[PDB]
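A short write-up of the structure that comes next.
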Amino acid sequence: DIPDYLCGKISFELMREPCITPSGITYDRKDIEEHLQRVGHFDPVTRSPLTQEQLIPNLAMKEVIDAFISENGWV
Amino acid sequence: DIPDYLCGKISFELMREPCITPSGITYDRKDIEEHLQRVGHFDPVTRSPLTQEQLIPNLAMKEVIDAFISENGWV
Amino acid sequence: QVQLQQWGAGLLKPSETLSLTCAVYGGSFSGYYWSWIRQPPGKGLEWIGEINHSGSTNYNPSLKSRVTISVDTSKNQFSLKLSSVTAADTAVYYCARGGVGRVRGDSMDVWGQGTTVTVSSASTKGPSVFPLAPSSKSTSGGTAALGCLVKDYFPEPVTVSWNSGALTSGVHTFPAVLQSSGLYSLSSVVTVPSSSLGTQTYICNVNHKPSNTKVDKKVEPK
Amino acid sequence: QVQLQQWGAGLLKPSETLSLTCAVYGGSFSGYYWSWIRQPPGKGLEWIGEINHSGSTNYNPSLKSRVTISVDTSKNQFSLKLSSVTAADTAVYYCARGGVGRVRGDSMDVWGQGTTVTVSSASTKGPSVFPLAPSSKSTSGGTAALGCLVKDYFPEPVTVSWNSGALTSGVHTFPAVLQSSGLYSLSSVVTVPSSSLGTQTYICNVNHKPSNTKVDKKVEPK
Amino acid sequence: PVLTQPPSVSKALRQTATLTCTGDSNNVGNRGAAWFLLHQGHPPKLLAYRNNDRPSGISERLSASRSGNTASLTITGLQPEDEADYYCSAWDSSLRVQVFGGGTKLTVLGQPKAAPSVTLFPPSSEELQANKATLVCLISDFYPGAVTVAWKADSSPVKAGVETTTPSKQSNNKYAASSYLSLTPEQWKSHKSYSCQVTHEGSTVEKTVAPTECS
Amino acid sequence: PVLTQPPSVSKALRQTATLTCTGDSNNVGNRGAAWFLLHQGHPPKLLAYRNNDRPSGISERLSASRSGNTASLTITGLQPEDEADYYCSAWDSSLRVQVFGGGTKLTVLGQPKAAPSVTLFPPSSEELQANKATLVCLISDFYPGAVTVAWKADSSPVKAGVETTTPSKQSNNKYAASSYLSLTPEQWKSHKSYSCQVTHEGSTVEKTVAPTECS
C-alpha cells in the first residue's frame, strides 16, 4: 500500500502539496486550508486554535513525496 | 549515497531529530537549536529573524527518517 | 459567480449505458469536492456525494450495490457512466461543488439544472376509463359536480374533455401521479347547472395521445 | 560547571600507536561538537577540531596527511588513536567542547589539562661544554661576569655549578631551548669580585644526570 | 443524519418565515449547516453557509443563526417566488457523508386559506362488470396547496391499497388533488360504508358512500 | 583566519588591559568571537563568549565588546595571576573551521621595567681546537620577560644560524634569556667584528666582539 508517512489525517490519503502546523502535524494544503475555514479555526487532531497565518509549507515532505511520484506506480 | 531530502542545510548531513522553520525549511534540532543562540536569531538560508519559540518539530519527516534508520545500512 | 451546466434527455432501454458530463465555469476540480446527487420524483435527495480522487471511499452502503450507482468522474472532472441500467434507477440527477476532507465541509457552493434520466422498454399504453357521478344535489353542494376516473396508463400526458369538445368552460383537470407499477392515475371534474342531472346525460371524452387511445363514458346519478 | 580530564605520559618509540581517552563530566557528546587541539612547544595551537560523527569532513588540508592526525573519537566520545608515529608528531594535546553545524559556533566551552606526547629512539646524550670569559672589567660592568656554554644535549635537564660546589651563591641558570635537531641549548652566568680575574681561575662544572656526563672547563680572560 | 426536519412551514405575504434545523453536538450547530432551495422545474441553489454568509445574488432578506444548540433560517419580506423545499446540511465524523436533516417545504400565503370542498365518488357500474372497484376522493377549492388524506371502512382506518396525487391550479386560483382506494367487487359489496377524511389546517372534511344503497 | 592578532599587550598592576581582535564581515564581529586564556603549566580556559557572557567562576573584572567592526577584551584590576597567551576565535563560511586570530600575550607589570644588562661572549679556544665556533649573547636583569634579539657581522644583519631561548627568573626577581649564532672557525676569523642587538621597550642594547683582537 501507500505508506502512513505519505498520508494526511483529514482525508487519510496520499498528500501531494503538504503544509505543517504549530503542533508539527502535516496536512495536504488544498483541503486543510479550506477546512480551517469551512470547519473552523482549530487543529484536526489536538483541536487547539489554528489559522491560515500559522500553517506553513513542509518543504522536506514535499521532496519526500516527489521521491515517490517521480518513480512509483502509486501515481 | 544518503538522499538530499534526509539531510539538513547547516551541517549538510543526515538528520535524526528534525524541526521546521516558519519558512518551511527543516533542520536537525540539536545543532540548529544551539545555532540560533551561538550564531544568532536568524534563518541559515534566507537570513530573516528566527527564534526558539518559532522553530517546531517536523513529525512527518521524523517518520520518514525512521523509515530508513529501521532498515537501511546508512545506520 | 460560479456556474454548472448539465445535459438533458436521459431516456434509455434496460441493460444500456448512459454517458454524459456537467460543465464547470469559474474553477476546476482541484481544491474542492465535486459530486452529484439524485431525486426520484415524489421523494427526496439520495447520495451520489463526496469524491475521493475519481471515485469515493465515503458512500451510502445502501445505494452502491446495483450497477454501483457508477456516476463517478473522468480525470476528476464532472461525468456520469451508468451501465447495465434498469427502471428502478429512474431519478433527476444534479451536479454540484462543496467542501472537502472526509467531510462535505457543510456548503454545496454551486449547482446544475438536473438531468431527467428514465428507462423503459414498454410501448405507449392507453387508460382504463370509468364515469364518476354524484349521489344527490345536497351532497354535491347544490350544483352538479360530475367527473371521470382515468387510470393505469403511461406515459403521464392525457387529454380529458366533455361532450366531444362542446363542454370545456367548466372543466378542470387534476395532476397525474406515478405509482410503483410505472403507470399513472388521473381524474377530472366539471361543474354544470343541477337542472341538467335529470335532463342531459354527460359524456366524458378521454384521449391518450401517446397511444391514440380514445374512450368515452356517460355520467348520470344512480 | 562542566569539566574534562586527560591522561598523562605520551612517550612512544617510532612506528608505535598511542591510545588514550579524555573523560567528560556534566554532559555527553550529543548536542555539541567535541574536539581536540595541539600546541607544539614554542609554537601556537594547531587544528584537531570540528567533529562530524566519529571523524570530520571539515579539517585543515595541511595537517591531515601523515598518519592523518588520527585522534578522532570512539562512539563519538573523547579518544585518541595515533598510529605509526614519528618525532615530528610531538606536541601537547588538549580536549574541549564548543559549538556545532559546519561551524565551531564561536565558543569552546570546556577544556582539559593537556597530554605531554613525545617520541624518541635515542639514548640520553651529554652536552658539548665550553668556557665563556669577559674581555675587560669596563665591558663586563665593573664586576666579573663569568659563564659557560652547554649545547647539543638531550633530554632538557642539566646541572651547571662552579668550583665543585664551592661557588653557588652568585650562580644563575638560563632556560634550555629545543631546536629543530631535537637537542637543547643552555648557558649559565656567575658574578664574582673583579679582583679575582687576575687571582683565581674559575671552574664551571656541568653534569648531565640523564646520561651521567660530567665535563668541567676553566674560565679566565684572554 | 441524526434528527429529521419539520415537513413544512406556512406564513403570509410580506411576513418573516422561520425554518428550524436540529442535530447532535458534532453537526448542524457546533459544525454548522448550510441551507438550500429547490422547487419543481427550477435548479437547486445554496442560500447560506458558514454562520450567515450568502452566495452572490442572494438578498439581505435571508439570514440565519447557530444560537444555543440549533441552526435556523430566516426569510423576511416573504414572496410567492420564495416557495420551495428547503434543506439543512450536516456532516458527522461517525457518519462521514454529504447528509442532511430532511427538508422543510415553504408555503406563502398570497390569498385567504380555506378547507377543501370534497366529493367522494363510489365504484361505478363499468368497474363491477370488469370485476374491478376503485373508491375515488376528489379534493378541490383549497388553499394552501397541501392536505393529508386518510381512508376508513365501516369504522376502521384503511392502510392497504391507498395512493394519492399532488394538487393542480384551478382557473379560479385554488388547488385540487385526488386520492384513490383499490378494492375488489367483494370488498366494496361486503361493507356497509366507506369514507375519505381530508385534514387541512385545524379541521378535517369527511365524505361518505354506502355500498348497500342506490339513488 | 583572515587577520592576525597583535603579539602582546603590557600594562601595570591594578590597571585595565585592552586586547584587540580583527577579521572580515562574516567573522569576529558580526559573527562574534570567544576569548581564551592559556599559560605554560596551566590548563587552557574560556573567558568570554556570545557578546560579553562568562563561564562560572570568571569574575566581573572581565568584559568585552563587539563595537563598530571589531572584537575586544577588557581586564580590569590587573594581576600577575592573569598573565597568559590570550586567543580570539572565528569561524567563516568560506573557511569552515575552528580557526582563531593568533593570540596576544598579556604582561603584568608588578615592578619597575628596565632594559637588560647584556654580555656578549666570543667563541672560545676549546671550540676552535674542535673546528667549531659559537658566538653567545647572554641577556640578564630585564623586566618585563620579553626582548627581541638581532645579529650583525661587520655591518650587515645576520639571519642564517640564529637560535634563542625563553627567559628564566633570577634570585633578585629580574629576567634572563640567551641567544646563539652558529659560525665556522673560518667565518669567525675572516670578520673584523660581530654584535648582538637586544631591543627592549623604546631602546636597544648592543654589545660587540672582535675576532682579530686579544686581551
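Each chain in the C-alpha cells gets a letter, A, B and so on, in the order shown; residues start at 1 in every chain, and ligands are counted from 1 in the order they appear.
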Backbone DSSP call of strand (DSSP E or B) for segment 26-75 of chain A, listed as JSON, numbers by chain: {"A": [26, 27, 28, 42, 49, 56, 57]}
Within 6 Å of chain F: residues of chain D, using only C-alpha atoms, as an MDAnalysis selection string: chainID D and resid 49 104 106:107 113 132 174:175 177 222
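All residues within segment 154-214 of chain E that the backbone DSSP calculation assigns to helix (DSSP H, G or I) are residues 185, 186, 187, 188 and 189 of chain E.
Distance-wise, atom CA of residue 120 of chain C and atom CA of residue 12 of chain C end up 6.8 Å apart.
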Contact residues around residue 52 of chain B with only C-alpha atoms at 12 Å, ignoring same-chain residues under 4 positions, as a ChimeraX atom specification: /B:19-22,29-30,32-37,40-43,56-57
Go ahead and write the selection's residues with N, CA and C atoms as a CSV table (one decimal), in the first residue's frame.
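As written to disk, selection39.csv reads:
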```
chain,number,residue,atom,x,y,z
B,19,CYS,N,13.4,19.6,13.2
B,19,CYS,CA,12.4,20.7,13.4
B,19,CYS,C,12.4,21.7,12.2
B,20,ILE,N,11.3,22.3,11.9
B,20,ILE,CA,11.0,23.0,10.7
B,20,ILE,C,10.6,24.5,11.0
B,21,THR,N,11.2,25.4,10.3
B,21,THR,CA,11.1,26.8,10.4
B,21,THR,C,9.8,27.4,9.9
B,22,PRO,N,9.5,28.6,10.2
B,22,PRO,CA,8.4,29.5,9.6
B,22,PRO,C,8.4,29.6,8.1
B,29,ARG,N,17.2,19.4,15.1
B,29,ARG,CA,17.1,20.2,16.3
B,29,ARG,C,18.5,20.4,17.0
B,30,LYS,N,19.2,19.4,17.4
B,30,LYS,CA,20.2,19.5,18.4
B,30,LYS,C,21.3,20.5,18.1
B,32,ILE,N,20.7,23.0,15.2
B,32,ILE,CA,20.1,24.2,14.8
B,32,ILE,C,19.6,25.1,16.0
B,33,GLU,N,19.0,24.4,17.0
B,33,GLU,CA,18.6,24.9,18.3
B,33,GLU,C,19.7,25.7,18.9
B,34,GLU,N,20.9,25.2,19.0
B,34,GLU,CA,22.0,26.0,19.6
B,34,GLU,C,22.6,27.0,18.6
B,35,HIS,N,22.4,26.8,17.3
B,35,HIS,CA,22.9,27.7,16.3
B,35,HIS,C,22.1,29.0,16.4
B,36,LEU,N,20.8,29.0,16.5
B,36,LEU,CA,20.0,30.2,16.8
B,36,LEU,C,20.5,31.0,18.0
B,37,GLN,N,21.3,30.4,18.9
B,37,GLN,CA,21.8,31.0,20.1
B,37,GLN,C,23.3,31.4,19.9
B,40,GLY,N,23.2,33.2,16.1
B,40,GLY,CA,22.2,34.3,16.3
B,40,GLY,C,20.8,34.0,15.8
B,41,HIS,N,19.8,34.9,16.2
B,41,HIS,CA,18.4,34.6,15.9
B,41,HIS,C,18.0,34.9,14.4
B,42,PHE,N,18.5,34.2,13.5
B,42,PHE,CA,18.1,34.2,12.1
B,42,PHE,C,18.2,32.9,11.3
B,43,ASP,N,17.5,32.8,10.2
B,43,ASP,CA,17.4,31.6,9.4
B,43,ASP,C,18.7,31.4,8.6
B,56,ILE,N,9.8,24.5,15.2
B,56,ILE,CA,8.9,23.5,15.7
B,56,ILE,C,9.3,22.1,15.2
B,57,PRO,N,9.0,21.0,15.9
B,57,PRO,CA,9.2,19.7,15.4
B,57,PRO,C,8.5,19.3,14.1
```
Proximal residues of chain A relative to chain B (only C-alpha atoms; 12 Å) as an MDAnalysis selection string: chainID A and resid 3:9 15 18:28 53:67
Keeping only N, CA, C and O atoms, write the selected residues as a compact mmCIF listing (two decimals), in the first residue's frame.
```txt
# COMPACT_ATOMS: atom_id res chain seq x y z
N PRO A 3 2.47 4.19 2.09
CA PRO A 3 2.85 4.44 3.48
C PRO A 3 2.10 5.49 4.31
O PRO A 3 1.73 6.56 3.83
N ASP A 4 2.04 5.25 5.63
CA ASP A 4 1.38 6.13 6.60
C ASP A 4 2.00 7.52 6.59
O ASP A 4 1.29 8.53 6.62
N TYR A 5 3.32 7.60 6.45
CA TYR A 5 4.03 8.87 6.49
C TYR A 5 3.90 9.68 5.20
O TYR A 5 4.34 10.82 5.18
N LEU A 6 3.28 9.16 4.14
CA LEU A 6 2.95 9.96 2.95
C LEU A 6 1.51 10.48 2.95
O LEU A 6 1.10 11.13 1.99
N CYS A 7 0.74 10.20 4.00
CA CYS A 7 -0.69 10.48 4.05
C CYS A 7 -1.06 11.51 5.13
O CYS A 7 -0.38 11.64 6.15
N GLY A 8 -2.17 12.23 4.91
CA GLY A 8 -2.74 13.19 5.85
C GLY A 8 -3.60 12.52 6.93
O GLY A 8 -3.80 11.30 6.92
N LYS A 9 -4.17 13.33 7.83
CA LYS A 9 -5.09 12.90 8.90
C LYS A 9 -6.44 13.64 8.90
O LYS A 9 -7.07 13.79 9.94
N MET A 15 -0.77 12.64 0.33
CA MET A 15 -0.60 14.07 0.19
C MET A 15 0.21 14.36 -1.07
O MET A 15 1.04 13.55 -1.48
N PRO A 18 1.90 19.31 0.84
CA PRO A 18 1.81 19.46 2.29
C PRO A 18 2.21 20.80 2.92
O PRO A 18 3.17 21.46 2.54
N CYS A 19 1.49 21.10 3.99
CA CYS A 19 1.76 22.15 4.96
C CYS A 19 1.65 21.60 6.38
O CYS A 19 0.85 20.71 6.67
N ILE A 20 2.45 22.15 7.28
CA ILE A 20 2.64 21.62 8.62
C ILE A 20 2.26 22.66 9.68
O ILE A 20 2.54 23.86 9.55
N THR A 21 1.54 22.20 10.70
CA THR A 21 1.01 23.03 11.78
C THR A 21 2.03 23.38 12.85
O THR A 21 3.01 22.66 13.03
N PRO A 22 1.68 24.33 13.74
CA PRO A 22 2.36 24.65 15.00
C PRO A 22 2.64 23.47 15.95
O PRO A 22 3.56 23.51 16.76
N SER A 23 1.83 22.42 15.88
CA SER A 23 1.94 21.18 16.63
C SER A 23 2.82 20.14 15.92
O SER A 23 3.11 19.09 16.48
N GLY A 24 3.26 20.42 14.69
CA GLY A 24 4.17 19.55 13.94
C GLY A 24 3.47 18.48 13.10
O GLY A 24 4.12 17.57 12.58
N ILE A 25 2.16 18.56 12.95
CA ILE A 25 1.35 17.59 12.22
C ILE A 25 1.12 18.12 10.81
O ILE A 25 0.78 19.28 10.63
N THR A 26 1.34 17.28 9.79
CA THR A 26 1.29 17.70 8.38
C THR A 26 -0.02 17.31 7.70
O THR A 26 -0.46 16.17 7.82
N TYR A 27 -0.61 18.24 6.94
CA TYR A 27 -1.79 18.02 6.11
C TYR A 27 -1.53 18.52 4.68
O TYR A 27 -0.69 19.39 4.45
N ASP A 28 -2.24 17.98 3.69
CA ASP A 28 -2.20 18.50 2.33
C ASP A 28 -2.91 19.85 2.22
O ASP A 28 -4.09 19.93 2.58
N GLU A 53 -2.57 31.94 8.91
CA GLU A 53 -1.31 32.62 9.18
C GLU A 53 -0.30 31.73 9.91
O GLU A 53 0.87 32.08 10.04
N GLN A 54 -0.75 30.61 10.47
CA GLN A 54 0.10 29.73 11.28
C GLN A 54 0.56 28.45 10.57
O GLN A 54 1.52 27.81 10.98
N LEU A 55 -0.20 28.03 9.57
CA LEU A 55 0.02 26.78 8.86
C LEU A 55 1.00 27.10 7.73
O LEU A 55 0.83 28.08 7.01
N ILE A 56 2.07 26.34 7.62
CA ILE A 56 3.13 26.71 6.68
C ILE A 56 3.50 25.54 5.79
O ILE A 56 3.24 24.41 6.19
N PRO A 57 4.07 25.75 4.60
CA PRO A 57 4.55 24.67 3.75
C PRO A 57 5.60 23.76 4.40
O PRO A 57 6.52 24.23 5.06
N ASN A 58 5.52 22.45 4.16
CA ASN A 58 6.52 21.48 4.62
C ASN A 58 7.45 21.04 3.48
O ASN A 58 7.18 20.04 2.82
N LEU A 59 8.54 21.77 3.24
CA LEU A 59 9.37 21.56 2.06
C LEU A 59 10.06 20.20 2.05
O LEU A 59 10.19 19.55 1.02
N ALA A 60 10.43 19.73 3.23
CA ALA A 60 11.09 18.45 3.39
C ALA A 60 10.17 17.31 2.98
O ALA A 60 10.55 16.42 2.23
N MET A 61 8.91 17.36 3.40
CA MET A 61 7.97 16.35 2.97
C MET A 61 7.64 16.49 1.49
O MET A 61 7.43 15.49 0.82
N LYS A 62 7.62 17.70 0.94
CA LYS A 62 7.40 17.91 -0.49
C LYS A 62 8.46 17.16 -1.29
O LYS A 62 8.12 16.39 -2.18
N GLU A 63 9.73 17.24 -0.89
CA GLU A 63 10.78 16.47 -1.55
C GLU A 63 10.57 14.96 -1.35
O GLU A 63 10.73 14.19 -2.29
N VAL A 64 10.13 14.51 -0.18
CA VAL A 64 9.86 13.09 0.05
C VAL A 64 8.75 12.56 -0.85
O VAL A 64 8.88 11.48 -1.41
N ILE A 65 7.67 13.31 -1.04
CA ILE A 65 6.58 12.90 -1.90
C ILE A 65 7.08 12.82 -3.34
O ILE A 65 6.83 11.83 -4.03
N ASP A 66 7.83 13.82 -3.77
CA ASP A 66 8.39 13.82 -5.12
C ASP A 66 9.24 12.57 -5.36
O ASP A 66 9.19 11.99 -6.44
N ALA A 67 9.93 12.09 -4.32
CA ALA A 67 10.76 10.89 -4.35
C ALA A 67 9.99 9.62 -4.73
O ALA A 67 10.57 8.65 -5.22
```
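Here atom CA of residue 54 of chain D stands at a distance of 29.6 Å from atom CA of residue 51 of chain B.
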Segment 183-192 of chain F environment, 7 Å, only C-alpha atoms, sequence neighbours closer than 5 positions dropped, as number ranges by chain: F: 128, 131-134, 154, 210-212
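If you look at atom CA of residue 33 of chain D and atom CA of residue 51 of chain D, they are 5.7 Å away from each other.
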Selection near residue 147 of chain D, 8 Å with only C-alpha atoms, sequence-local residues under 4 positions removed, as a PyMOL selection string: chain D and resi 131-133+187-190+204+219
Would you write out, as JSON lines, a table of all residues in chain D that have an atom no more than 7 Å from an atom of chain B, listing for each the closest atom pair and the distance in Å to one decimal, considering only C-alpha atoms and ordering rows by chain and rising residue number?
```
{"residue": "D:31", "atom": "CA", "partner": "B:30", "partner_atom": "CA", "distance": 4.9}
{"residue": "D:99", "atom": "CA", "partner": "B:38", "partner_atom": "CA", "distance": 6.9}
{"residue": "D:100", "atom": "CA", "partner": "B:31", "partner_atom": "CA", "distance": 5.8}
{"residue": "D:101", "atom": "CA", "partner": "B:11", "partner_atom": "CA", "distance": 4.5}
{"residue": "D:102", "atom": "CA", "partner": "B:11", "partner_atom": "CA", "distance": 4.7}
{"residue": "D:105", "atom": "CA", "partner": "B:38", "partner_atom": "CA", "distance": 5.4}
{"residue": "D:106", "atom": "CA", "partner": "B:38", "partner_atom": "CA", "distance": 6.9}
```
Selection: 9 Å around residue 162 of chain E, only C-alpha atoms, excl. self and same-chain fewer than 4 positions, as a PyMOL selection string: chain E and resi 150-151+158+179-182
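Using only C-alpha atoms, the residues found no farther than 9 Å from residue 96 of chain D, other than those of its own chain fewer than 6 positions away, are residues 4, 33, 34, 35, 36, 37, 108, 109, 110, 111 and 112 of chain D.
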